[PDB]
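Structure data (compact mmCIF, C-alpha atoms) from model-v2.txt:
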# COMPACT_ATOMS: atom_id res chain seq x y z
CA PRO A 1 -51.46 30.86 -9.37
CA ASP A 2 -51.32 30.55 -5.58
CA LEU A 3 -48.81 31.88 -2.98
CA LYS A 4 -50.18 29.92 0.00
CA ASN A 5 -48.47 32.20 2.63
CA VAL A 6 -46.05 35.10 2.37
CA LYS A 7 -44.83 37.83 4.78
CA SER A 8 -42.60 40.86 5.21
CA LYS A 9 -38.94 40.87 6.25
CA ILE A 10 -37.53 42.49 8.69
CA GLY A 11 -38.72 45.31 10.92
CA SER A 12 -41.40 46.48 13.39
CA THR A 13 -43.20 43.05 13.32
CA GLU A 14 -40.09 41.49 14.98
CA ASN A 15 -39.88 44.21 17.69
CA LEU A 16 -43.22 43.83 19.48
CA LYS A 17 -41.82 42.29 22.68
CA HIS A 18 -39.04 44.79 23.44
CA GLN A 19 -40.23 48.34 24.34
CA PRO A 20 -37.70 48.89 25.92
CA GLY A 21 -38.74 49.23 29.57
CA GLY A 22 -37.89 52.25 31.78
CA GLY A 23 -36.47 52.78 35.30
CA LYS A 24 -36.33 54.92 38.50
CA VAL A 25 -34.19 57.71 39.95
CA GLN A 26 -33.57 58.99 43.48
CA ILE A 27 -31.79 61.74 45.35
CA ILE A 28 -28.89 62.58 46.42
CA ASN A 29 -29.49 63.89 49.94
CA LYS A 30 -28.24 63.29 53.52
CA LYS A 31 -28.00 64.85 56.93
CA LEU A 32 -25.24 65.29 59.47
CA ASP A 33 -25.25 64.21 63.19
CA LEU A 34 -25.30 67.13 65.69
CA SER A 35 -25.72 65.01 68.86
CA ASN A 36 -22.07 65.40 70.15
CA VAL A 37 -21.93 69.21 69.97
CA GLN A 38 -21.33 71.76 72.78
CA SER A 39 -19.84 75.30 72.85
CA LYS A 40 -16.02 75.52 73.09
CA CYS A 41 -15.79 78.69 75.21
CA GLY A 42 -17.57 78.48 78.54
CA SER A 43 -17.05 80.84 81.50
CA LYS A 44 -20.65 81.59 82.73
CA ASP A 45 -20.69 78.65 85.21
CA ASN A 46 -17.76 80.30 87.02
CA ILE A 47 -20.54 82.36 88.81
CA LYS A 48 -20.25 79.44 91.24
CA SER B 1 -23.99 104.34 71.69
CA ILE B 2 -20.86 103.00 69.91
CA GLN B 3 -21.55 99.78 71.54
CA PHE B 4 -19.56 97.61 73.94
CA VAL B 5 -20.56 94.54 75.92
CA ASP B 6 -22.02 95.01 79.40
CA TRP B 7 -19.10 93.18 81.04
CA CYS B 8 -16.24 95.16 79.44
CA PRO B 9 -13.99 96.72 82.12
CA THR B 10 -11.21 97.71 79.68
CA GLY B 11 -11.46 97.44 75.88
CA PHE B 12 -8.52 99.18 74.28
CA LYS B 13 -4.97 98.96 73.13
CA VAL B 14 -3.14 102.12 72.08
CA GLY B 15 0.27 102.74 70.47
CA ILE B 16 2.67 105.48 69.32
CA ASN B 17 5.30 105.09 66.60
CA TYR B 18 7.20 108.09 65.34
CA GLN B 19 7.71 107.11 61.69
CA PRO B 20 4.98 108.35 59.37
CA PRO B 21 2.93 106.69 56.63
CA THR B 22 4.71 106.40 53.27
CA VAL B 23 3.01 105.48 49.98
CA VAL B 24 4.20 103.81 46.70
CA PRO B 25 5.40 105.12 43.41
CA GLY B 26 2.79 105.06 40.71
CA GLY B 27 -0.45 106.64 41.86
CA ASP B 28 -2.42 109.78 42.55
CA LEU B 29 -2.03 109.15 46.28
CA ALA B 30 -2.24 110.95 49.62
CA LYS B 31 1.11 111.55 51.39
CA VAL B 32 -0.49 112.09 54.87
CA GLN B 33 1.55 113.02 57.97
CA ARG B 34 -0.20 110.60 60.37
CA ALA B 35 -2.43 107.43 60.32
CA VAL B 36 -4.36 104.89 62.42
CA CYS B 37 -4.65 101.09 62.00
CA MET B 38 -7.51 99.47 63.85
CA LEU B 39 -8.71 96.04 64.69
CA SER B 40 -12.14 95.41 66.11
CA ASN B 41 -13.25 92.46 68.13
CA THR B 42 -17.03 92.22 68.13
CA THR B 43 -20.06 89.92 67.77
CA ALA B 44 -20.64 91.49 64.26
CA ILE B 45 -18.56 88.61 62.78
CA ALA B 46 -21.53 86.45 64.02
CA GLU B 47 -23.58 87.96 61.16
CA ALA B 48 -21.13 86.53 58.62
CA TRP B 49 -20.84 83.21 60.45
CA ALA B 50 -24.66 83.08 59.94
CA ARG B 51 -24.05 83.41 56.25
CA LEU B 52 -21.59 80.50 56.20
CA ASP B 53 -24.26 78.62 58.19
CA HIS B 54 -26.71 79.48 55.39
CA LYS B 55 -24.40 78.76 52.35
CA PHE B 56 -23.13 75.44 53.72
CA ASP B 57 -26.31 73.62 54.57
CA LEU B 58 -28.03 73.96 51.14
CA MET B 59 -24.97 72.45 49.35
CA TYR B 60 -23.98 69.89 51.94
CA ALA B 61 -27.48 68.44 52.47
CA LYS B 62 -27.84 67.77 48.67
CA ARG B 63 -24.20 66.65 48.99
CA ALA B 64 -23.22 68.96 46.02
CA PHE B 65 -19.44 68.92 45.16
CA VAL B 66 -18.32 66.57 47.99
CA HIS B 67 -16.86 63.98 45.56
CA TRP B 68 -14.04 66.36 44.50
CA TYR B 69 -12.84 66.43 48.13
CA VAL B 70 -13.34 62.63 48.57
CA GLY B 71 -11.21 61.81 45.51
CA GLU B 72 -8.20 63.84 46.74
CA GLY B 73 -7.91 62.38 50.25
CA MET B 74 -10.83 63.60 52.51
CA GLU B 75 -13.27 62.07 54.94
CA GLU B 76 -17.00 62.83 54.75
CA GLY B 77 -17.03 63.29 58.58
CA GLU B 78 -14.45 66.11 57.94
CA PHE B 79 -17.09 68.42 56.37
CA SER B 80 -19.60 67.35 59.04
CA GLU B 81 -17.17 67.94 61.89
CA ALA B 82 -16.15 71.32 60.45
CA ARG B 83 -19.79 72.45 60.33
CA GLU B 84 -20.21 71.02 63.86
CA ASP B 85 -17.46 73.49 64.81
CA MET B 86 -19.44 76.28 63.14
CA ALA B 87 -22.43 75.13 65.19
CA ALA B 88 -20.17 75.72 68.23
CA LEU B 89 -18.65 78.98 66.99
CA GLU B 90 -22.14 80.37 66.38
CA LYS B 91 -22.71 79.87 70.14
CA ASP B 92 -19.13 80.65 71.23
CA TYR B 93 -20.02 84.16 69.94
CA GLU B 94 -23.50 84.14 71.46
CA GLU B 95 -22.31 83.33 75.02
CA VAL B 96 -20.36 86.61 74.81
CA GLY B 97 -22.76 89.14 73.28
CA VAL B 98 -24.89 88.56 76.42
CA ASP B 99 -25.09 90.93 79.41
CA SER B 100 -23.47 89.92 82.72
CA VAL B 101 -26.53 89.30 84.91
CA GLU B 102 -26.81 86.35 87.31
CA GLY B 103 -29.25 83.58 88.12
CA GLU B 104 -30.61 80.15 87.31
CA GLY B 105 -33.60 77.77 87.19
CA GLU B 106 -37.32 78.22 87.61
CA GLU B 107 -39.75 80.01 89.91
CA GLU B 108 -43.37 81.19 89.83
CA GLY B 109 -44.05 82.44 93.45
CA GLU B 110 -43.37 85.25 95.92
CA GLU B 111 -40.42 85.78 98.34
CA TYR B 112 -41.97 88.88 99.87
In structure tokens, how does this file's structure come out?
Amino acid sequence: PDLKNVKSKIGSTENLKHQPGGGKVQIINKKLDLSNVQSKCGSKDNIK
Amino acid sequence: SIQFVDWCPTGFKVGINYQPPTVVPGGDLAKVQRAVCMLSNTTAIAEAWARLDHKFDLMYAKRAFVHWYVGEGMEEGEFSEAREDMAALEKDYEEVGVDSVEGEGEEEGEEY
């Protein structure tokens, strides 16, 4: 006898393209703007 | 040594009420004949403002929790502008703890 060609069915041989692929993460951080800010009591200029 | 600000002319408010202190039922308690009730205005609150300045900035930078306030009707600028006010209050309390001495600008030479 002869079998010519035969192969397995179905598993890890059909998976070899798809890893799958991974990704990327990031924070999750900010600031605030302070540029407007002055004190809200204010007598010391009255020295004038 | 029990320390007031340099500028203080008059720092006090005193009162007399004839009815005594009276406690509650239901303790081992002191039925005293007289008492005082005091309120202190002081820059010492500026130590616990500095703690709110510390607590806030570690959470708010990382933006921890803020989404719980967002989702129940609140601006982001609300937190920012409250801490802005704390940035003012810090100084509103610093422009008082100072001594009343006068002067401005810059000099490096003699008058005499």
Q) Quick one: distance from atom CA of residue A:37 to atom CA of residue B:59 in Å, one decimal? A)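 Answer for the atom CA of residue A:37 to atom CA of residue B:59 separation: 21.1 Å.
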Determine which residues of chain A sit within 8 Å of chain B, taking into account only C-alpha atoms, and present them as a compact mmCIF listing (two decimals) with C-alpha atoms, in the coordinates of the input.
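See selection_26.txt below for the written result:
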# COMPACT_ATOMS: atom_id res chain seq x y z
CA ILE A 27 -31.79 61.74 45.35
CA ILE A 28 -28.89 62.58 46.42
CA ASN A 29 -29.49 63.89 49.94
CA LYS A 30 -28.24 63.29 53.52
CA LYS A 31 -28.00 64.85 56.93
CA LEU A 32 -25.24 65.29 59.47
CA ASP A 33 -25.25 64.21 63.19
CA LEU A 34 -25.30 67.13 65.69
CA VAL A 37 -21.93 69.21 69.97
CA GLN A 38 -21.33 71.76 72.78
CA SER A 39 -19.84 75.30 72.85
CA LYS A 40 -16.02 75.52 73.09
CA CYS A 41 -15.79 78.69 75.21
CA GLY A 42 -17.57 78.48 78.54
CA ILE A 47 -20.54 82.36 88.81
Q: For atom CA of residue B:4 and atom CA of residue B:55, determine how far apart the two atoms are, in Å to one decimal place.
A: 29.1 Å
Q. Rounded to one decimal in Å, what is the spacing between atom CA of residue B:7 and atom CA of residue B:41?
A.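 Taking atom CA of residue B:7 and atom CA of residue B:41, their separation equals 14.2 Å.
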(Q) Need to verify the contact set: stretch 15-25 of chain B, 12 Å, only C-alpha atoms, exclusion of same-chain residues closer than 2 positions in sequence. Can you return it as a PyMOL selection string? (A) chain B and resi 12-13+27-38
Save the residues we just selected, C-alpha atoms, as a PDB file, keeping the file's coordinate frame?
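Okay, this is what ended up in out.pdb:
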ATOM      1  CA  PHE B  12      -8.520  99.180  74.280  1.00  0.00           C
ATOM      2  CA  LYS B  13      -4.970  98.960  73.130  1.00  0.00           C
ATOM      3  CA  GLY B  27      -0.450 106.640  41.860  1.00  0.00           C
ATOM      4  CA  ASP B  28      -2.420 109.780  42.550  1.00  0.00           C
ATOM      5  CA  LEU B  29      -2.030 109.150  46.280  1.00  0.00           C
ATOM      6  CA  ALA B  30      -2.240 110.950  49.620  1.00  0.00           C
ATOM      7  CA  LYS B  31       1.110 111.550  51.390  1.00  0.00           C
ATOM      8  CA  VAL B  32      -0.490 112.090  54.870  1.00  0.00           C
ATOM      9  CA  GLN B  33       1.550 113.020  57.970  1.00  0.00           C
ATOM     10  CA  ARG B  34      -0.200 110.600  60.370  1.00  0.00           C
ATOM     11  CA  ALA B  35      -2.430 107.430  60.320  1.00  0.00           C
ATOM     12  CA  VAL B  36      -4.360 104.890  62.420  1.00  0.00           C
ATOM     13  CA  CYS B  37      -4.650 101.090  62.000  1.00  0.00           C
ATOM     14  CA  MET B  38      -7.510  99.470  63.850  1.00  0.00           C
TER      15      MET B  38
END
